[PDB]
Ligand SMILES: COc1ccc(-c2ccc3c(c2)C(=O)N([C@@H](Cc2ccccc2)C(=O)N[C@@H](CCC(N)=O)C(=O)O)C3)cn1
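Okay, here we've got a single chain as structure tokens, the form solved without the named molecule, with questions on binding and movement later.
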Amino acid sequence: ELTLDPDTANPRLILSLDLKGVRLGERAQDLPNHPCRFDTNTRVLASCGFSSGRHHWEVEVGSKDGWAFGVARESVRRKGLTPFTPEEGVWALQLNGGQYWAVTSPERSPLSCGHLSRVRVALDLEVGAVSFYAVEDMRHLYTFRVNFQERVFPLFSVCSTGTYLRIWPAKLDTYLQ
């Protein structure tokens, strides 16, 4: 099953022991600053990435602000403060200011989807799409159509305390998403 990759994790994140969950901690861990580790934005990738076929997983989401999740192209920049945008190869939903957003470009799109508890992510590297559904009725939340040109990885970001993400088998915090 999909697990979070601790070698990629921003050192301020805390991963659960089973490597399925992530939240933001209060202090940075002293970790090796390896090239695939996010050193500024509060991100972690799954350890498995995909280059063909259709794949899905589910993400339990906290009720409070601070998270964004979806997929990232493998070449997503790890070093320095980077934008959290489709142009940087991030295709994600976000909970911020009590609103759900698809993190679209040039600006985010607010989603009138009601309350979210668990979200199924469907990644299709054949058609070229990543889609999000609320699991309880599979209502559609957002689809990014993307001509993916490299491997694509499950992506998770938690930039404030009080929230979390779990896999199911800087003026403002969000500037570090």
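From 1 onward, residues are counted along the sequence shown.
Omitted here: the form solved in complex with the named molecule. The next part is about that form.
> Should the pocket be classed as open or blocked once the named molecule, positioned as in the bound PDB entry, is overlaid via C-alpha superposition of the site (3 or more ligand atoms within 2.4 Å of backbone or C-beta atoms defines blocked)?
Replying inline: Blocked, since after superposition 3 or more atoms of the placed ligand lie within 2.4 Å of the backbone or C-beta atoms.
>> To test your reading of this chain, name the stretch in 131 to 139, 146 to 154, 36 to 44, 114 to 122 whose heavy atoms come within 4.5 Å of the named molecule in the bound PDB entry.
In response: Only one stretch qualifies here: 36 to 44.
> With the partner left out of view, is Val59 within 4.5 angstroms of the named molecule in the bound PDB entry by any non-hydrogen atom?
Replying inline: No - in the bound PDB entry, heavy atoms of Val59 and the named molecule never come within 4.5 Å of each other.
>> Would you classify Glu26 as touching the named molecule in the bound PDB entry, given a 4.5 Å non-hydrogen atom cut-off?
In response: Looking in the bound PDB entry, residue contacts with the named molecule include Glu26, since a heavy atom lies within 4.5 Å.
> Heavy atom to heavy atom, is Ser16 within 4.5 Å of the named molecule in the bound PDB entry?
Replying inline: No, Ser16 stays farther than 4.5 Å from the named molecule in the bound PDB entry.
>> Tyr100 versus the named molecule, in the bound PDB entry: is there a non-hydrogen atom within 4.5 Å?
In response: Contact check for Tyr100: no, nothing within 4.5 Å of the named molecule in the bound PDB entry.
> in the bound PDB entry, do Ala68, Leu81 and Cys159 all reach within 4.5 Å of the named molecule through at least one heavy atom apiece?
Replying inline: The answer is yes: all three residues contact the partner (heavy atom, 4.5 Å cut-off).
> Using a 4.5 Å cut-off on heavy atoms, what residues in 91 to 125 are near the named molecule in the bound PDB entry?
Replying inline: Heavy-atom contacts within 4.5 Å come from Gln94 alone.
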